[PDB]
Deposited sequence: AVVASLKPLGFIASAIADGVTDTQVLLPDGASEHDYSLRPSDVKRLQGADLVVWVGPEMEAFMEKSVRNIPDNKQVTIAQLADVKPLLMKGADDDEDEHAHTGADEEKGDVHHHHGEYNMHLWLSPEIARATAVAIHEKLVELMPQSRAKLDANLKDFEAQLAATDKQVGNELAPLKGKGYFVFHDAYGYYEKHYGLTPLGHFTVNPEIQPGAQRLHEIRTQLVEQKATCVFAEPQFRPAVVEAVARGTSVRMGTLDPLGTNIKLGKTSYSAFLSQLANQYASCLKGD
């Protein structure tokens, strides 16, 4: 099987590995980024994988050590790909670059190409199927790119805030106009002073929307938007409800577009 660290990397892998080998995701969604504590069983799965796919040590830091013992021809480390260097954007995260790389359609393409290359070397008997899969992935990516772009085009100029500084890759690519982000605990609303400052910025900068993520308590989001003119939305950067499969990455980009539009559309 191909073992991907995070769900959206699984979406990409599952397009390329379709009908060749299974794709598995290592991490449950609710422990995604940087905190997770790998179990011995997870390390076993990594070592047994046909191919491991992950962003790299500045994202899934918890798996860096486990991957040292996996041969280079059995891993794709997305942030280290030669073609990914000109695609990186400046941004707990704490590094210099935005490492939410799966939100860039161009980095997704580079990732698919890297996965395809490694699998063809590992499984030459399946080259034709792997080639067909890459062709289908790229065709869908092109079609989705066009659909999403047109759906988000009328929403340009409409300001909003987010609670997670992740979306830059997707926003820049499709021409959305974010006003910025607030650091907000998903379980506990900010204190009196900081809540005042946030609510003031929401009104002053003329935000249409503020976007939370699925793990945020509705009450925390309501406390942020209370008093302001601002509509509340939800973005899901992991596509948690989308099942792995051939069309999943395209479904993910399309869903994220729907989530932006659901809130930003109208007035």
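Asks: Mind pulling out the bits of the deposited sequence that never got modelled, as residue ranges from 1?
Replies: According to the deposited record, C-alpha coordinates are absent only for 92 to 112, which is the whole missing part.
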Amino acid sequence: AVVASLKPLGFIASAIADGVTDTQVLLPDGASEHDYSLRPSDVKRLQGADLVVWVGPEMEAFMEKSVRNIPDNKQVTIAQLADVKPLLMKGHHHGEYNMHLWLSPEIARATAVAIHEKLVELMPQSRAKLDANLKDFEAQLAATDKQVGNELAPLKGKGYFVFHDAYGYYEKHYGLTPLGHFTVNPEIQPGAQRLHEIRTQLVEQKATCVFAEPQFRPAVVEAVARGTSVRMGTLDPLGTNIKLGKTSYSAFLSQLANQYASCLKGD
From here on, numbers count along this sequence of modelled residues.
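Asks: On mean Cα temperature factor in this entry, is 216 to 224 or 50 to 58 the higher one?
Replies: Between 216 to 224 and 50 to 58, it is 216 to 224.
Asks: So, looking at the entry's B-factor column for Cα atoms, which has the higher mean, 18 to 26 or 239 to 247?
Replies: Going by the record's values, the stretch with the higher mean is 239 to 247.
Asks: Given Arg109, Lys118, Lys135, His93, identify the residue with the highest C-alpha B factor in the PDB entry.
Replies: Each of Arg109, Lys118, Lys135, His93 was compared by C-alpha B-factor; the highest is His93.
Asks: Which one, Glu171, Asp131, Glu187, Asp83, has the peak C-alpha temperature factor per the PDB entry?
Replies: Highest C-alpha B-factor among the listed residues goes to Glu187.
Asks: C-alpha B factor of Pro124, ranked within the chain: lowest, middle or highest third?
Replies: Lowest third of the chain for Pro124's C-alpha B-factor.
Asks: Which third of the chain does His164 land in by C-alpha B-factor: lowest, middle or highest?
Replies: Its C-alpha B-factor belongs to the middle third of this chain's values.
Asks: Could you place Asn73 in the lowest, middle or highest third of its chain by Cα temperature factor, using the values in the record?
Replies: Middle third - that is where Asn73 ends up once the chain's C-alpha B-factors are sorted.
Asks: Among all modelled residues of this chain, ranked by Cα B factor, put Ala79 in the bottom, middle or top third, i.e. lowest, middle or highest.
Replies: Lowest third - that is where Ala79 ends up once the chain's C-alpha B-factors are sorted.
Asks: Comparing against every modelled residue in the chain, figure out the third that the C-alpha B-factor of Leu88 lands in (lowest, middle or highest).
Replies: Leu88: CA B-factor falls in the middle third of its chain.
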